Amino acid sequence: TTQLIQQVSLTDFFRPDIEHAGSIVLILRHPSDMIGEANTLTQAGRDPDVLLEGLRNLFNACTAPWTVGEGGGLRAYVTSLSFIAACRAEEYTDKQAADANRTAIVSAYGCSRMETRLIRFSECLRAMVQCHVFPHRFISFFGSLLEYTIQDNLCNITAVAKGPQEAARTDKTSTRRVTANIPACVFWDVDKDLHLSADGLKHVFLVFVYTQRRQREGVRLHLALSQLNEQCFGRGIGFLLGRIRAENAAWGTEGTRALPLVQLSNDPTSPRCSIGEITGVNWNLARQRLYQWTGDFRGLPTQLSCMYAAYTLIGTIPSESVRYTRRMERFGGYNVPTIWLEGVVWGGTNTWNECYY
Amino acid sequence: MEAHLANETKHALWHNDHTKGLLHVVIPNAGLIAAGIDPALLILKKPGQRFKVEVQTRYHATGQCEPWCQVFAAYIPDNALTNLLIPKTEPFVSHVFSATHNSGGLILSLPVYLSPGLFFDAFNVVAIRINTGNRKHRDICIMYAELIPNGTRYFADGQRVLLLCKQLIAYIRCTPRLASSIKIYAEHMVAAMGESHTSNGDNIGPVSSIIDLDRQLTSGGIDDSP
Amino acid sequence: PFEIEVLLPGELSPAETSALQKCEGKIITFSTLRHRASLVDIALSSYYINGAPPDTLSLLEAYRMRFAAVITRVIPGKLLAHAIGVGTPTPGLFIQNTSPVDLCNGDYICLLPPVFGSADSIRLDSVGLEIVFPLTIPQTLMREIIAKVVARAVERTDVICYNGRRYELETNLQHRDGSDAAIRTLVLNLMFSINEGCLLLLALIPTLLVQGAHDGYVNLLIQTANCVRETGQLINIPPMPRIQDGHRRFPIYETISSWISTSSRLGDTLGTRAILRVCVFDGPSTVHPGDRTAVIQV
Amino acid sequence: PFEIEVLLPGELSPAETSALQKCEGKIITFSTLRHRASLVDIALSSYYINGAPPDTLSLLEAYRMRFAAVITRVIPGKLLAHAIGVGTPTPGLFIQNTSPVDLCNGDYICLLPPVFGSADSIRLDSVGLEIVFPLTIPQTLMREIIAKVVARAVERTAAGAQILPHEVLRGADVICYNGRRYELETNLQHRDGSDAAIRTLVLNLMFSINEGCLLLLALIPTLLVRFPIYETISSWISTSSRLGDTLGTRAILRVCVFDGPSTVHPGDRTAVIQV
């Protein structure tokens, strides 16, 4: 059930630093395909020049423009976990430490043009989010890379999947077993609504909510971990975010006489002439009164306004009753706070089953 | 023509307050030669200026004023008449039709008052705000007499469509493709327009069909009045 | 793989011990998952809370929230059971045709409260708890009883014939704990179902009837559309509208995408997860009451 | 725990062996595997049921109700089947990408033949025993394809029954992959008999949409500031419940592509798993 699959990538969205475990890598999509698909889903409302400007800026900022969009299997299609943590995990648990970690990372990795790249990425993400385009419809499940190697300007890291990774005894790490750790921003408080004991096997879910406000938008890549059923995850998310769900619904309405005589005209006085009065006469002059509704509307977009909750079954645990310990680690050129866990594996499928409210 | 059409939904959704009736008005760009500015920076160049146009009223010894109007538009160079009259055929662009050196165009929103008590006079000047240099902005100021001249051109538009339809029929018939069904049905449709007009006269009659504005913008002002 | 252990209750009765040692096949459900359980949580007295009998909707949502498990063989030394975890093979099990009717091959067996008939009640003489064996069918009559019960719930505020066989049912609805959930979900479905294509569809009834006049596919809709035709003429029927743009605008794609999303959402909410796909060998796939089969994981 | 065998057809050696030499990545599935099976029960000739020829819906439901299995054996003088299962080992997991359409790493396996347009499924009509294999596309790709084909069908029917078609019918719908060209929907005058089964489907879909959007204004206008009127609602609920199981097409097989076979040329050695 375990396979060794490696990807031929040199430097896409990562630096040739010391490899570390507990990293999650996703697969992006070509901007041309997404803009070609969304040119009809935009439905006007915003100027399309900002998207083109953002795409041009991203193409210019990306290294080796002659390799992206052509060639073989060498392109920009993967993203390291460090970039995601620096861009999203900064205002979740402890800001006064998250900002220090981000500054240390951007000072130790780039040290020459890291701030410009970070601001360009932030602006491109804001442009790609404000245009009411969801990129999660193309992301597929990917494995976790776990390998230690180095070469002359080359690095080939293999990936593993669900199975006996910790029991295979590869004898290639510091200890006789493998290392499995997760960052600080992996668990959120749930006892306030789940005071009942979590007797059972817990599940790991990835949550990516969406916001819709007045000319302002943001991303929130949370990581839920609850024993509740999959169908109740959306209800729990809606209940937890009930203070902002109403505001989102009110701000999402962007982009009248009823008929109470039906109950009285159903049985008596029924002018059922939908065939006899149409197939016989031309009906080009008898259409005088009819109904008018005393209104005029064109388009009622509601499906793309109430979508604010999502969850996917990614990652499981071989055993329950997992206990987390808060400790410190010293590695690399700087000491950063980390949380050590045990009995955690990866795998699964990226089956998007959302429940909007 | 796309931004204005998209923005027309706000006017369409309006039900009350009939004192502001939006309509399509085309302003020729012939006066832009005396502006002395760069036309490149007027459509899409170095975004950030956020050029906007506002429309306001000017009363006389009555007080109050209109609370402006948030509208915007964009120009179109390189023979805007060709791309606004002839249907857009960019994937298969070729030597279609024939026209002289045309110019650009613009669409400006001007509210109008409609009510049982219509009334008409020339005592109000419409002020247009342009986000350009205040030194010699080269603006215009007209009264309400020119806004509502009480006239329309309904008869002169009939002959304009005839020339275009004849030209398109000739272009379709000049290429020997498709099948004979199209040719035979076109011939039947042409013959159906008149017995002696085609059998004893002419089918198409290109003679001197030149796309020009000679009898279209000269006569036909007051012709369909009661 | 992993197996749970249940402590044997005292005062064993041979009358049910023989049945357990002979059958070894029964579908059961549980809420609390624990490797070492002595009294579990399947207690009617504990589930009775205040004292009022549970409602059909309450039982349905409780079953949906709770997981499912398959009872494996039982040995006198200790009681063993197999739960449903991840999609991995689980050899060493046994199943039986509990339903009185035949089951098609590759059918996902669900769990429903006994409403089809008055099933036998085995009153255990022990002190811990008692086990009641339900007798229902996964989806065949479920897809009709759910429609009947929701229709009754929405109208408050039978006989089914198949191959010459008549089936009787006994409804029970006396609580309003699920009425709020039902009205909330129906209003949510109604709000998510309205789109901009309905006006265009209603503005095309003459063309639709003209096309169908020489088609023949009219009775298959008019035998049940008794009120649709009446309400068709009681609508605005507006003329052809003007779109804001005719280059990259298509409301049909948006409305079909919204309908697909809503259909997927309702199928996920109304669909119980049960990865049980058996594969027959040699003999026919159709099962018969009174036979014994094996367990196959796919 | 049992072996599977097949019968080699007679007087058809050269052409069949030449086809099998080129096609080494075919897929064979059986509704109920037995010790002895023939080729006259898994072909199109055996799909005739309910006194009517098989249609696209019948093929889709048969594919959904059928299992999934693969084989790997190309011998000019021998042809036998092998057991497929988790317990039974399957050495030599080598498959060939029969579909020339380019794919991506980590896709979902689904059965959807392209009979609506550009099928290009050449079979052997000299014996009547043909096994047409469907193309594999991800769930999102198949949803987009279904949406585009139903949109084309409804717009074509509207143009036919409107006597005044709209000049806009395509707009800008070009599917690419990392800057490529698909060259699809290049024919308009071509006609096929597969459209006789989708008209009823689209009519039912539009009727359901109309009744669902009309029931909102008939019950109570909350957002607006001898006839029991129940048979239509009951029929709509029953049809929705029936279609709820029909719309379920979750993928079962998993694709685990090592590097990429189609990076420079599609149709190469591709890896796959059974997760």
# chains A, B, ... in the order shown; residues from 1 in each chain; ligands from 1
call {"tool": "residues_around", "arguments": {"residues": "residue 108 (chain C)", "least_positions_apart": "6", "cutoff": "9 Å", "atoms": "only C-alpha atoms", "output": "mmCIF file with N, CA and C atoms, in the first residue's frame"}}
result
data_model
loop_
_atom_site.group_PDB
_atom_site.id
_atom_site.type_symbol
_atom_site.label_atom_id
_atom_site.label_comp_id
_atom_site.auth_asym_id
_atom_site.auth_seq_id
_atom_site.Cartn_x
_atom_site.Cartn_y
_atom_site.Cartn_z
ATOM 1 N N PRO C 138 -32.224 -1.675 3.095
ATOM 2 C CA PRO C 138 -31.331 -0.506 3.038
ATOM 3 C C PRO C 138 -31.940 0.740 2.408
ATOM 4 N N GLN C 139 -32.374 0.651 1.151
ATOM 5 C CA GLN C 139 -32.818 1.835 0.422
ATOM 6 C C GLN C 139 -34.117 1.667 -0.350
ATOM 7 N N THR C 272 -26.229 7.655 3.321
ATOM 8 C CA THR C 272 -25.445 7.046 4.385
ATOM 9 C C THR C 272 -24.206 6.376 3.802
ATOM 10 N N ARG C 273 -23.057 6.618 4.427
ATOM 11 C CA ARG C 273 -21.800 6.042 3.966
ATOM 12 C C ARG C 273 -21.702 4.594 4.430
ATOM 13 N N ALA C 274 -21.595 3.670 3.473
ATOM 14 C CA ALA C 274 -21.491 2.245 3.788
ATOM 15 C C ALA C 274 -20.705 1.583 2.660
ATOM 16 N N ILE C 275 -19.424 1.318 2.909
ATOM 17 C CA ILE C 275 -18.548 0.694 1.916
ATOM 18 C C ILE C 275 -18.683 -0.815 2.109
ATOM 19 N N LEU C 276 -19.680 -1.399 1.444
ATOM 20 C CA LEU C 276 -19.935 -2.838 1.516
ATOM 21 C C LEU C 276 -20.344 -3.308 0.125
ATOM 22 N N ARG C 277 -19.381 -3.833 -0.629
ATOM 23 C CA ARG C 277 -19.610 -4.332 -1.983
ATOM 24 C C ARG C 277 -19.159 -5.789 -2.032
#
call {"tool": "select_by_dssp", "arguments": {"residues": "region 58-210 of chain D", "states": "alpha helix (DSSP H)", "output": "PyMOL selection string"}}
result
chain D and resi 58-65+139-162+198-210
call {"tool": "closest_atom_pairs", "arguments": {"of": "chain A", "to": "chain C", "cutoff": "9 Å", "atoms": "only C-alpha atoms", "output": "Markdown table"}}
result
| residue | atom | partner | partner_atom | distance |
| --- | --- | --- | --- | --- |
| A:39 | CA | C:248 | CA | 6.3 |
| A:40 | CA | C:248 | CA | 4.9 |
| A:41 | CA | C:254 | CA | 7.2 |
| A:42 | CA | C:249 | CA | 8.5 |
| A:43 | CA | C:249 | CA | 6.3 |
| A:44 | CA | C:245 | CA | 8.4 |
| A:198 | CA | C:32 | CA | 8.7 |
| A:199 | CA | C:33 | CA | 5.8 |
| A:200 | CA | C:33 | CA | 4.5 |
| A:201 | CA | C:33 | CA | 7.5 |
| A:228 | CA | C:65 | CA | 8.1 |
| A:229 | CA | C:65 | CA | 6.3 |
| A:231 | CA | C:269 | CA | 6.4 |
| A:232 | CA | C:65 | CA | 8.0 |
| A:266 | CA | C:227 | CA | 8.8 |
| A:270 | CA | C:230 | CA | 8.0 |
| A:271 | CA | C:230 | CA | 7.9 |
| A:272 | CA | C:230 | CA | 5.9 |
| A:273 | CA | C:230 | CA | 8.3 |
| A:274 | CA | C:229 | CA | 6.7 |
| A:275 | CA | C:209 | CA | 8.1 |
| A:278 | CA | C:206 | CA | 7.5 |
| A:279 | CA | C:210 | CA | 8.0 |
| A:290 | CA | C:236 | CA | 7.0 |
| A:291 | CA | C:236 | CA | 4.7 |
| A:292 | CA | C:236 | CA | 4.9 |
| A:293 | CA | C:236 | CA | 6.2 |
| A:297 | CA | C:196 | CA | 8.9 |
| A:298 | CA | C:196 | CA | 6.9 |
| A:299 | CA | C:196 | CA | 4.9 |
| A:300 | CA | C:196 | CA | 5.8 |
| A:301 | CA | C:195 | CA | 7.1 |
| A:302 | CA | C:192 | CA | 6.8 |
| A:303 | CA | C:258 | CA | 6.0 |
| A:304 | CA | C:258 | CA | 8.5 |
| A:353 | CA | C:265 | CA | 7.7 |
| A:354 | CA | C:265 | CA | 7.5 |
| A:355 | CA | C:265 | CA | 6.5 |
| A:356 | CA | C:265 | CA | 8.7 |
| A:357 | CA | C:188 | CA | 7.8 |
call {"tool": "interface_residues", "arguments": {"of": "chain D", "to": "chain C", "cutoff": "8 Å", "atoms": "only C-alpha atoms", "output": "VMD selection string"}}
result
chain D and resid 32 to 35 65 85 to 86 147 to 148 151 161 to 162 168 171 to 172 200 206 209 to 213 215 to 216 229 231 to 232 234 to 235 237 to 238 241 to 242 244 to 245 247 to 248
call {"tool": "residues_around", "arguments": {"residues": "region 206-216 of chain B", "least_positions_apart": "3", "cutoff": "9 Å", "atoms": "only C-alpha atoms", "output": "PyMOL selection string"}}
result
chain B and resi 97-100+153+156-157+159-160+163-164+166-167+170+219-220
call {"tool": "write_last_selection", "arguments": {"atoms": "C-alpha atoms", "output": "PDB file, in the first residue's frame"}}
result
ATOM      1  CA  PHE B  97     -16.790  46.404 -46.644  1.00  0.00           C
ATOM      2  CA  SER B  98     -15.199  49.778 -47.418  1.00  0.00           C
ATOM      3  CA  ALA B  99     -15.011  53.020 -45.445  1.00  0.00           C
ATOM      4  CA  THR B 100     -12.925  56.175 -45.171  1.00  0.00           C
ATOM      5  CA  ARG B 153     -34.684  60.301 -37.741  1.00  0.00           C
ATOM      6  CA  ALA B 156     -33.271  57.882 -43.083  1.00  0.00           C
ATOM      7  CA  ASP B 157     -32.259  54.759 -41.134  1.00  0.00           C
ATOM      8  CA  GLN B 159     -31.659  53.018 -46.461  1.00  0.00           C
ATOM      9  CA  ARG B 160     -28.571  52.591 -44.257  1.00  0.00           C
ATOM     10  CA  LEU B 163     -26.690  49.032 -48.186  1.00  0.00           C
ATOM     11  CA  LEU B 164     -25.193  46.873 -45.427  1.00  0.00           C
ATOM     12  CA  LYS B 166     -26.744  44.172 -49.914  1.00  0.00           C
ATOM     13  CA  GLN B 167     -23.006  44.280 -49.188  1.00  0.00           C
ATOM     14  CA  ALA B 170     -22.741  40.138 -52.165  1.00  0.00           C
ATOM     15  CA  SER B 219     -32.418  65.885 -43.647  1.00  0.00           C
ATOM     16  CA  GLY B 220     -34.994  63.970 -41.639  1.00  0.00           C
TER      17      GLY B 220
END
call {"tool": "closest_residue", "arguments": {"among": "A:334, A:184, A:205, A:294", "to": "chain B", "atoms": "only C-alpha atoms"}}
result
A:294
call {"tool": "atom_distance", "arguments": {"atom1": "CA of residue 96 (chain C)", "atom2": "CA of residue 58 (chain C)"}}
result
27.9 Å
call {"tool": "closest_atom_pairs", "arguments": {"of": "chain A", "to": "chain D", "cutoff": "8 Å", "atoms": "only C-alpha atoms", "output": "Markdown table"}}
result
| residue | atom | partner | partner_atom | distance |
| --- | --- | --- | --- | --- |
| A:1 | CA | D:275 | CA | 7.5 |
| A:5 | CA | D:258 | CA | 5.6 |
| A:6 | CA | D:259 | CA | 6.6 |
| A:7 | CA | D:259 | CA | 5.6 |
| A:8 | CA | D:259 | CA | 6.8 |
| A:30 | CA | D:178 | CA | 5.8 |
| A:32 | CA | D:179 | CA | 7.2 |
| A:33 | CA | D:176 | CA | 6.0 |
| A:36 | CA | D:174 | CA | 6.8 |
| A:37 | CA | D:173 | CA | 7.4 |
| A:69 | CA | D:178 | CA | 5.1 |
| A:70 | CA | D:178 | CA | 6.9 |
| A:72 | CA | D:263 | CA | 5.0 |
| A:73 | CA | D:263 | CA | 5.7 |
| A:137 | CA | D:140 | CA | 7.4 |
| A:138 | CA | D:140 | CA | 7.6 |
| A:140 | CA | D:106 | CA | 6.6 |
| A:141 | CA | D:106 | CA | 6.8 |
| A:142 | CA | D:106 | CA | 7.4 |
| A:256 | CA | D:224 | CA | 6.3 |
| A:257 | CA | D:224 | CA | 7.2 |
| A:258 | CA | D:221 | CA | 6.5 |
| A:259 | CA | D:218 | CA | 7.6 |
| A:262 | CA | D:218 | CA | 7.9 |
| A:266 | CA | D:227 | CA | 7.0 |
| A:267 | CA | D:226 | CA | 6.0 |
call {"tool": "select_by_dssp", "arguments": {"residues": "region 72-185 of chain B", "states": "strand (DSSP E or B)", "output": "list in words"}}
result
residues 105, 106, 107, 108, 127, 128, 129 and 130 of chain B
call {"tool": "interface_residues", "arguments": {"of": "chain B", "to": "chain C", "cutoff": "9 Å", "atoms": "only C-alpha atoms", "output": "list in words"}}
result
residues 2, 3, 4, 5, 6, 7, 8 and 9 of chain B
call {"tool": "residues_around", "arguments": {"residues": "residue 104 (chain B)", "least_positions_apart": "3", "cutoff": "6 Å", "atoms": "only C-alpha atoms", "output": "PyMOL selection string"}}
result
chain B and resi 29+76-77+80
call {"tool": "decode", "arguments": {"residues": "region 43-56 of chain A", "atoms": "N, CA, C and O atoms", "output": "compact mmCIF listing (two decimals), in the first residue's frame"}}
result
# COMPACT_ATOMS: atom_id res chain seq x y z
N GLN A 43 -19.12 37.23 -14.73
CA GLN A 43 -20.39 37.94 -14.88
C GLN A 43 -20.23 39.44 -14.65
O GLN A 43 -21.05 40.08 -13.99
N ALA A 44 -19.15 40.01 -15.19
CA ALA A 44 -18.84 41.44 -15.09
C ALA A 44 -18.71 41.81 -13.61
O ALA A 44 -18.33 40.98 -12.78
N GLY A 45 -19.03 43.06 -13.27
CA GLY A 45 -18.95 43.54 -11.91
C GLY A 45 -17.60 44.13 -11.53
O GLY A 45 -17.55 45.05 -10.70
N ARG A 46 -16.52 43.63 -12.11
CA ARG A 46 -15.18 44.13 -11.82
C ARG A 46 -14.41 44.29 -13.12
O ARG A 46 -14.68 43.61 -14.12
N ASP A 47 -13.45 45.21 -13.11
CA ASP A 47 -12.63 45.45 -14.29
C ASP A 47 -11.66 44.29 -14.49
O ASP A 47 -10.94 43.93 -13.55
N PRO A 48 -11.62 43.68 -15.67
CA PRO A 48 -10.72 42.54 -15.90
C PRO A 48 -9.26 42.93 -16.08
O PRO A 48 -8.41 42.04 -16.21
N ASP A 49 -8.93 44.22 -16.08
CA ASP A 49 -7.55 44.64 -16.29
C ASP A 49 -6.67 44.34 -15.08
O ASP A 49 -5.47 44.11 -15.24
N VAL A 50 -7.25 44.33 -13.88
CA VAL A 50 -6.46 44.06 -12.68
C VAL A 50 -5.96 42.62 -12.68
O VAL A 50 -4.83 42.35 -12.27
N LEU A 51 -6.79 41.69 -13.15
CA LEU A 51 -6.36 40.30 -13.24
C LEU A 51 -5.20 40.14 -14.22
O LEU A 51 -4.24 39.41 -13.94
N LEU A 52 -5.29 40.80 -15.37
CA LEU A 52 -4.20 40.74 -16.35
C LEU A 52 -2.93 41.36 -15.79
O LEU A 52 -1.83 40.83 -16.00
N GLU A 53 -3.05 42.49 -15.09
CA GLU A 53 -1.88 43.12 -14.49
C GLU A 53 -1.24 42.21 -13.44
O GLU A 53 -0.01 42.08 -13.38
N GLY A 54 -2.07 41.56 -12.61
CA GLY A 54 -1.53 40.64 -11.62
C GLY A 54 -0.86 39.44 -12.25
O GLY A 54 0.19 38.99 -11.79
N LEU A 55 -1.45 38.90 -13.32
CA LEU A 55 -0.83 37.78 -14.02
C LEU A 55 0.51 38.19 -14.63
O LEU A 55 1.49 37.43 -14.56
N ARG A 56 0.57 39.38 -15.23
CA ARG A 56 1.83 39.86 -15.80
C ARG A 56 2.88 40.05 -14.72
O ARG A 56 4.05 39.71 -14.91
